[PDB]
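In: This one's a deposited entry, sequence included:
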Amino acid sequence: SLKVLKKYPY
Amino acid sequence: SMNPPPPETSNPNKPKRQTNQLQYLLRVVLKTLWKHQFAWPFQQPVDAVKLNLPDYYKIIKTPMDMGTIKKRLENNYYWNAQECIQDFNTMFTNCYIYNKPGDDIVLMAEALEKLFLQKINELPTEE
Amino acid sequence: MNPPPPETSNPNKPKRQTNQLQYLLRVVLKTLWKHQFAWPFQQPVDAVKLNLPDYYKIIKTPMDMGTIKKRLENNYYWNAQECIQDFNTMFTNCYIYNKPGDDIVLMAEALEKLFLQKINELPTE
């Protein structure tokens, strides 16, 4: 599993 | 790279009407998708600055998101239900274009599109 | 499942406030919080929401700025060095879990550069 900034909630 | 201006949500030169289909698209379809667990990336224009996506607006020439669609519906921007349906479809297809099959964000968009299609299957006939 | 967030209050410590701990809250935490790349570090990693089922298999000492903020507010630390260690843990976790050169890592690196500037200006006790 990889962090993808595009789907990172803010 | 700057973000582009968001898509227009109001144009006082366009004639306006309310229809039962447009009301259903706001009160049922948008509402239901908005509350979906995977809706968050689709609730506003893609912020390519914050998310460091220098190529997003090189690739996606017709951006669309549910925040825009919501504003368009609340503004009576749409004359035809089909304009709204097209905007949803543009949102989903943009996600598929920019990203790759089996990316988590694509699976999120697919879940919202499946729900979308289920709700559009119950779109009432124009009264 | 996520773990519970890190402890932030320990009633079995007495209160000591210092100019170094006050600086860590009013300057270091404040400035880092407001940085444009702080947002992924402001709360514990929500491995469930983010679909990272191995995050807490790999990271056994999680740390985030929301926790540090609370610890400083609750006078959880006796000294500045305990607080500094928490910031450093936060950066190292990001470096351990994520691939070098990924966006999140570059964000952490920028925050760490700012942190090290602010710690260079730490007042004397």
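Out: Thanks, I have it. Numbering: from 1, shown residues only, chains lettered A, B, ... in the order given.
In: wait, doesn't residue B:16 sit right on residue B:74?
Out: No. If you go by CB atoms under 8 Å, residue B:16 and residue B:74 don't touch, sitting 11.9 Å apart. All C-beta spots, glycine's among them, are computed from the backbone N, C-alpha and C.
In: ends of stretch B:57-65, how far apart?
Out: Counting by CA to CA, to the nearest Å, you get 14 Å between the two ends of stretch B:57-65.
In: Give me the buried stretch members for that stretch, please.
Out: B:57, B:60, B:63-65 (16 or more other CB atoms under 10 Å in any protein chain shown).
In: just stretch A:2-10 next, same as before
Out: Neighbour-count burial for stretch A:2-10 [16+ other CB under 10 Å]: A:3-8.
In: check contacts around residue A:4.
Out: Counting by CB atoms under 8 Å, 6 or more residues apart in numbering or on different chains, residue A:4 touches B:103-105.
In: let's see 10 Å
Out: B:51, B:99, B:103-105, C:50-51, C:102-104 (CB atoms under 10 Å, 6 or more residues apart in numbering or on different chains).
In: give me the subset of those residues touching chain A.
Out: B:51, B:99, B:103-105, C:50-51, C:102-104 (CB under 10 Å from any CB of the partner chain).
In: okay, now the nearest residue to residue B:74 once chain neighbours are set aside: neighbour count?
Out: The shortest distance from residue B:74 to any non-neighbouring residue, by CB to CB, 6 or more residues apart in numbering or on different chains, is to residue B:26 (7.3 Å). Neighbourhood size, residue B:26 [other CB atoms under 10 Å in any protein chain shown]: 16.
In: thinking again about what came up before, between all of the buried residues of stretch A:2-10, which two are separated the most?
Out: For those, the maximum inter-member distance is 10.1 Å, found between A:3 and A:6 (CB to CB).
In: Identify the contacts common to the two.
Out: Joint contacts of residue A:3 and residue A:6 (CB under 10 Å, 6+ apart) are residue C:103.
In: ok so, going back, okay, the buried residues of stretch A:2-10 in TSV with secondary structure next?
Out: Formatted as TSV, the buried residues of stretch A:2-10 follow (DSSP: H, G, I helix; E, B strand; the rest coil):
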residue	secondary structure
A:3	coil
A:4	coil
A:5	helix
A:6	helix
A:7	helix
A:8	coil
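In: Please report how far residue B:59 lies from chain C.
Out: 18 Å (CB to the nearest CB, to the nearest Å).
In: got the contact list for that residue?
Out: B:53, B:94, B:97-98.
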